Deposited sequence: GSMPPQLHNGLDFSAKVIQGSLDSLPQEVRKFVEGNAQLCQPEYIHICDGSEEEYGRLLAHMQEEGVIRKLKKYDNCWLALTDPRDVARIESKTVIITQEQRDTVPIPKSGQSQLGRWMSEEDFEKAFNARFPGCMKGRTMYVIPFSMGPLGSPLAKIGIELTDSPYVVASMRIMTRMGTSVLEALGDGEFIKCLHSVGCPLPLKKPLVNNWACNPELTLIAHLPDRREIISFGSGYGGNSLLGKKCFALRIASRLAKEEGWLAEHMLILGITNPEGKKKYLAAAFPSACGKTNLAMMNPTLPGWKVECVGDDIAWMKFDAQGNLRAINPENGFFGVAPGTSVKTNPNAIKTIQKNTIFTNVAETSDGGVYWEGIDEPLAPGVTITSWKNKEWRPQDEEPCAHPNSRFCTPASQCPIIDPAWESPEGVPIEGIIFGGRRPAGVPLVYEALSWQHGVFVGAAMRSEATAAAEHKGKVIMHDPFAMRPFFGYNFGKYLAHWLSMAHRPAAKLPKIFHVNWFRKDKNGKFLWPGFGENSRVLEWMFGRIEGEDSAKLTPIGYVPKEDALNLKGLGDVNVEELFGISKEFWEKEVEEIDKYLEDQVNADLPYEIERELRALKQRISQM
C-alpha cells in the first residue's frame, strides 16, 4: 500500500485476516476489495455465533421463531426466489464439448456452457460493489468428515446470514475447518444476494434477491463457484450441488472416483449381516423416505448415512467406499408425514430451519400431504404470509419448500456415518416414477448393462416423462458421454469389486390410476431381495430387461393380495417403444461422445425385446 484501500483488517468484526492461511486471506481480501462489504465476519462455527445470528435475523424480520418446537425457525422467501434455477446455472470451460456433448439435432439438456469471456462480462455487471452496506461472512467448511481422506474443504463468502445458518447445518463449518486446512487447496465459493445498500429495488418479504441477474456459475479449472442473485438452497448453499456434485464430479473424473446424486443407507438382516446401498432417484421419488425408512419386516434394520450425495472411491482392496459429504438433510417438506417418513418427523422438531412452509397459530409447521389434523381453534398461515384454509385451491406450502436439519439428530443415523474410511457399497439402485410398463424391481445383467440402466433413466415430472440419467441431469459437472466412459472404466480397475446394480419403480399404476405397490416401509421387501441377490441367492428369473424376482421370491406376507402379474408385467410393445426413445435420446443428446459399450447395451436390449 501507498494508500489505505487494499488492507481490509480494520473491517474485520470476528477473527483476524492475519491468522488465516495465505491463500484464504487473498481470497477474502480480493473479494472484499471487489464487493465492498461494510464488515467482514470470519465464522467460528460456534453455538454462540449461531444463536446470536438467528436472533438478529429474527430482529430484522428475516426469520421467525417457531414456538412449538425446540430452537426451530421459519423463513418465507420472495416468491421469485423459491428453487434452483437451471436456466441460470452454467459451467465455464475453454471448450464447450468438455462441459456438454454437442447434440445432433436439438438443444442440450445435459448442461449449460458459458464461455469464459461471456462469464467475465456477466461477473463485471454484477459483483463490483455488491455487498455495500453488508457483512461479508467467511464460511470455512468441510464436505465430509474432518480428516477423511475423501473430504474436501471449501471457503464460502456470502452476504446472507440465512446462508451462514443453513451452512452450519448442511456442512461442517468453523475454526476447526481452518486449522485442518492449513496451506492446503480449497474450493473458492463466492455468493451475493445482489442487493447492495442502499436498495435500488423493493425488498419483498424481507428476502434479499435479484431474480433478473441470477447466475450460478462453476469454473472447475479455477476451482471456483460464483453465484449471484438468489438466496435459495441450491443456488446459495454452495457446498451442496455446486460443490458436491458439479465441481466434485469433475475432480472425481480427474482423480478416479465418483461424486453422485445418491442416498446411502445401511441395511441389517435378522442374522446380524449388514450391507450398504446407494440409490439415485430423480424428483418426487422418495430418496429421503428410503434413506430413513422404517422397515416393516421383523428383524430388519435400516440406518441412514446420507439422503442426497455420495462420494465414492475404490480402496486398495477393491471395495467401493462411500462417504456422505453433507452434515445435514435438506429435504422436501410437503408429503413428509408419520406414515411416509416417521424418522424425519423425529429429526425436524429440534434445531431445524424451515423454508416456505405454512405456520400454525400455536407456532407449528404445516404442509400439503402432512397427515396431521389440527385441534379446533388452531389456524394456518400459508408460506405467503396469508390466512389459509384447506378449502383454498392454492397450497399452504410451496411445493419446493424445505426443512434443513442436522444429520446427527436422525434417530436412525448410521454409527459409521462419519467414519473417515467411508462405508463399503455392495449395491447401487436407480429408479424413477413410471406409471406404466416398468416392473417394481429388476437387476442389471452386468456392469455395462447397469451403466446403461443408469443412462436410460426416465421419470414422470398432461403429464410428461423426462430423462434424468443417473438422476444427475441438472448436475453433470462435465460431458455426460465422458461421465459414462468414466463409469465404464471402473470395470477395468484391478481388484475392483463392482456393486450389483438394480432398478426400482415404486410408482407403477393399474388401468384406473391406482398404485400397484404400497411402498414406504414395505419397500424393505424389495431391499430384502436385493440383499439376497448380492449374497448370490438363486432368487432371480432372466427377462429381456434384466433379472426379476422368481415366483414367491419376494416376501409379501402381511400385505394383502398384491397384483404381482401387473407389477412385474413386461410387455413387448411397451419395451419396443421404450428402447426406440432411449436410442433417439442418446443419439441426439450424447451423439459423438456415446461410449461404444452403451451403444452395444442398447443394441443388446433391442435384440432381446425383438425375440419375445
Quiz item: Which parts of the deposited sequence lack C-alpha coordinates?
Solution: 1 to 5, 467 to 473
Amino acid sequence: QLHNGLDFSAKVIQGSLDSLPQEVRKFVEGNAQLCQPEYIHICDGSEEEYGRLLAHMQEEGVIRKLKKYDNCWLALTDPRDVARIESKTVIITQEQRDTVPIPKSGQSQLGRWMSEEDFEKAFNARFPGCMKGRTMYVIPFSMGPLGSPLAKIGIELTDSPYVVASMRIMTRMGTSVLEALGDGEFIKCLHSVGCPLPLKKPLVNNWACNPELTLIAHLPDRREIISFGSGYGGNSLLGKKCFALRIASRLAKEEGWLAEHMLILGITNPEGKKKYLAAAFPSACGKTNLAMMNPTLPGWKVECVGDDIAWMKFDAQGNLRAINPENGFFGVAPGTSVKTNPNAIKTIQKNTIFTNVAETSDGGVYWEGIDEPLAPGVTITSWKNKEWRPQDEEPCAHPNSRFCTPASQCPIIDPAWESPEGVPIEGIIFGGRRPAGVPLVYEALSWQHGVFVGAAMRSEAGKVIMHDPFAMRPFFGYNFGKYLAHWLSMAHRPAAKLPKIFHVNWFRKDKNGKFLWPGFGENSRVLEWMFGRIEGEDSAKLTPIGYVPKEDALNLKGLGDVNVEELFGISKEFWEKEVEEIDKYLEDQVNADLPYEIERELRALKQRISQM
From here on, numbers count along this sequence of modelled residues.
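Here, rigid core means the biggest group of C-alpha atoms that superpose within 1.5 Å across both forms.
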Quiz prompt | RMS Cα shift after core superposition in 8 other deposited structures of this protein, winner of 332 to 340 and 508 to 516 | solution = 508 to 516
Quiz item: Looking at C-alpha RMS in 8 other deposited structures of this protein with the core superposed, is it 414 to 422 or 142 to 150 that drifts more?
Solution: 142 to 150
Quiz item: Would 54 to 62 or 579 to 587 have the larger average of its C-alpha temperature factors, as given in the entry?
Solution: 54 to 62
Exercise. Averaging the C-alpha B factors as listed in the entry, name the stretch that ends up higher: 565 to 573 or 541 to 549.
Key: 565 to 573
Quiz prompt | Candidate residues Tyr232, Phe243, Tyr483, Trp517, the one whose C-alpha B factor the record puts highest | solution = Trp517
Quiz item: Out of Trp367, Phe476, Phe141, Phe531, which shows the largest CA B-factor listed in the entry?
Solution: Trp367
Quiz item: Going by the entry, which third of its chain does the Cα temperature factor of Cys404 land in?
Solution: middle
Quiz item: Would the CA B-factor of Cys35 place it in the lowest, middle or highest third of its chain?
Solution: lowest
Self-check item: Record-listed C-alpha B factor of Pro21: chain third
Solution: highest
Self-check item: Position of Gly129 among the chain's modelled residues by C-alpha B-factor, lowest, middle or highest third
Solution: lowest
Quiz item: In terms of the CA temperature factor given in the entry, to which third of its chain does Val28 belong: lowest, middle or highest?
Solution: middle
